[PDB]
Structures are given as C-alpha cells and as structure tokens.
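Read the structure below first, then the notes.
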Amino acid sequence: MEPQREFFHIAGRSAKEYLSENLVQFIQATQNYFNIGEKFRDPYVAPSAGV
Amino acid sequence: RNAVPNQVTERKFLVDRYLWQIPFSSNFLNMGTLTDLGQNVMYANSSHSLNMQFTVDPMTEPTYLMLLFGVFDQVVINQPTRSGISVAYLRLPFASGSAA
Amino acid sequence: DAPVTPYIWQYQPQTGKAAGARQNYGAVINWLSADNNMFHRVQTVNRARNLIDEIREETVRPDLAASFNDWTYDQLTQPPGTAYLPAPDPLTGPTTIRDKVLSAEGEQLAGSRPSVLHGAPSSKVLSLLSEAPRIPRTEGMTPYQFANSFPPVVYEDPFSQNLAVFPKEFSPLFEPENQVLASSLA
C-alpha cells in the first residue's frame, strides 16, 4: 500500500524532492524555453484526518 | 386578456457535454486528487463488493450507459542504457490483475 | 525471484463474520514490459509491502484466530456503559409525598420544577442514562475490530504443506461446522 504509492507518486514527495538536486537546478534554469518539469508527476493528497 | 384558466406548469432542463460526476469524498469537495476516503485503510485493505443501480427515463431504442470510475493511470519509464527503454504500468483501484 | 501477492479479507456487513479471502488483484503493478533493471525495481517494492505485512501479521492476537467465525462475548468490543445501579424508590422523589399532603390540606396544585436534564442520592439517578445492557453482544465484530485484527495475510509458498494446515478459511463458503479446527494459519 504505502511503498506501492510512492514508487508511482500516487502520494508521497513532490517533484522538488524525489528528483536529483542537480536535475532540479537544471529544469529551473531552462524552464523558459525548453520545459522539462511537466514530465514528472506531482502528488496532491487530501488530509483525511480532522477535516 | 381572455387567457385560458386551469393551466398547469411544466419544467425541464438540458445539460449538454456534461457527464454527471459523483466525487468519492466525505464532503463532496476537492481537498485533493487523492481523496480523503481513498487513503482510508477500511477500503484499501479489505475487499468490498459494489451494487449500484440507476433508474433512467425510458426511450424507444437501445441505449448504453457510459459509466466511468476514477482511477490513477500512472507510468514510470526508465532509459538505463543506450537503446534501452522499459515501462511499468499500473492503475489503482482497477488494475488488470494478470501478474502473480 | 518474485514475491507473492497478499490475501486480502472480505468483511460481511451483516453478522460481522469474514466471508473468505481472495488475493489482492486490483493493486498489482503491470511489470510485463519491463527489462531486467525495472523488474528489479518493481519486485523490490513488492518485497517492501510484504515486509510491512509480515510485521503487521505478527500481532494477530492468536485466540481470535482459534475461534474464527465463532467469537463469544468476551472477545468482542462492546459499546461503553456503566454497571448496574438499582433504580431509587419513587416514594423518595422530591415532590411525590408532598403532593399527597399539600393537596389533601385543601390546595389544588399545578406546576413543576424542570429536571436535571432541564427536560448515592443523585449519582444513582443519573446513572440510568449511561447504563450497559444485561447480556453483552455475541457473534459479531464491528469493522473497527475486523480491521484492527486480521491484516492482509501473506502466504509465501502456495499450498506446499500438510493438509491439516490447509487454509480452509479462505473460501467464502466456510461455515464453522467441520472436522479439523482453526488456528493461527497464514
């Protein structure tokens, strides 16, 4: 359940974390002309505790 | 001036292009793509049946029912070497269970 | 070199029993077009979810599995409530005797003071509202208890033991009327 959803980013860490640190600094520099950062899925989860 | 009395009012509506949706949420809001009842442990770690039924208007011809279930189509795709490419698909909850 | 998929349980909402156990299809990674490098990554997170489930199935409290689908009252979570305090004498009520005395003096009375709810002298009276029933509940588990106990079991080798430890409870057509008796068997 938990490790299955983190390998495919059903849930888990956002795109700023599970990528390499050098790969994040690349796709921020070349974002204005050669967009890469839309090729990596970003999770977005509900709280489900106290809402 | 001389309108007919005893007249009765009829209502209807028309939605085009819409595809009626029921969100699988506790309060029917969008608090996330992964909903709040989706990460409930009561559903994910216990198999449940499903018995739903609709009562549409009758029509003079056969008709389908284009029902959709919200799943998470996901891929990963590595390219580890030269001329090498491979994927690992899943979709949950409705995975094509053939691998065991 | 592939681990097995864990058997997930089926909860029957009426009677609270478990209606067998099928394997967890619908949560299976489609590895059928992966090379030798992605296959090792996929079968690692399959060995990770089995390692989580083997930790969770260590605490299955092994006398619920002995009386499987045959649970009695002391093995079930009961709704909370106090013990039995006897009901007080209605002659000792605050306005019962004085209504028989003040009226017989000649008065006609109408009117009364609101109660404690606004609609052991006094702890005996207010214990009526939070009282447990006489006989507790038998033969049924709430889904709070069916999820706390009975995790998704893992069945590492499929059906390669003696027939006495054959997992007969995984069939949905399992009644507790048969020869061999249940125990902690994964």
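Every chain in the structure tokens has a letter given in the order shown (A, B, ...), and although residue numbers restart at 1 in each chain, ligands are simply numbered from 1 in the order shown.
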message = I need the chain B residues near chain A as an MDAnalysis selection string; criterion: at most 12 Å, counting only C-alpha atoms.
response = chainID B and resid 24:27 29:41 43:46 71:77 87:93
task = Any chance you could list, as a list in words, the residues in chain A that come up helix (DSSP H, G or I) when DSSP is run on the backbone?
result = residues 2, 3, 4, 5, 6, 7, 15, 16, 17, 18, 21, 22, 23, 24, 25, 26, 27, 28, 29, 30, 31 and 32 of chain A
task = Could you list the residues in chain C lying within 9 Å of chain B, using only C-alpha atoms, and format the result as number ranges by chain?
result = C: 2-5, 8-12, 21-22, 24-35, 37-39, 42, 143-144, 147, 151-152
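With distances restricted to only C-alpha atoms, C:46 is the closest residue to chain A from C:75, C:130, C:142, C:46.
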Check which residues of chain C sit at most 8 Å from chain A using only C-alpha atoms, and return one row each with the closest pair of atoms and their distance in Å to one decimal, ordered by chain and rising number, as a Markdown table.
```
| residue | atom | partner | partner_atom | distance |
| --- | --- | --- | --- | --- |
| C:45 | CA | A:3 | CA | 6.0 |
| C:46 | CA | A:4 | CA | 7.5 |
| C:48 | CA | A:3 | CA | 6.7 |
| C:49 | CA | A:3 | CA | 6.3 |
```
Selection export as a compact mmCIF listing (two decimals), in the first residue's frame, atoms kept: N, CA, C and O atoms:
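File produced: part.txt:
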```txt
# COMPACT_ATOMS: atom_id res chain seq x y z
N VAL C 45 9.78 -3.10 -4.47
CA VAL C 45 8.65 -2.53 -3.75
C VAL C 45 7.50 -3.52 -3.60
O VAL C 45 6.53 -3.22 -2.90
N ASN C 46 7.58 -4.68 -4.24
CA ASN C 46 6.70 -5.78 -3.85
C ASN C 46 7.25 -6.49 -2.62
O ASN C 46 6.48 -6.89 -1.74
N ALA C 48 8.86 -4.91 -0.42
CA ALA C 48 8.72 -3.94 0.66
C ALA C 48 7.34 -4.00 1.28
O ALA C 48 7.20 -3.88 2.50
N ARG C 49 6.30 -4.19 0.47
CA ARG C 49 4.95 -4.27 1.02
C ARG C 49 4.67 -5.60 1.69
O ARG C 49 3.79 -5.67 2.55
```
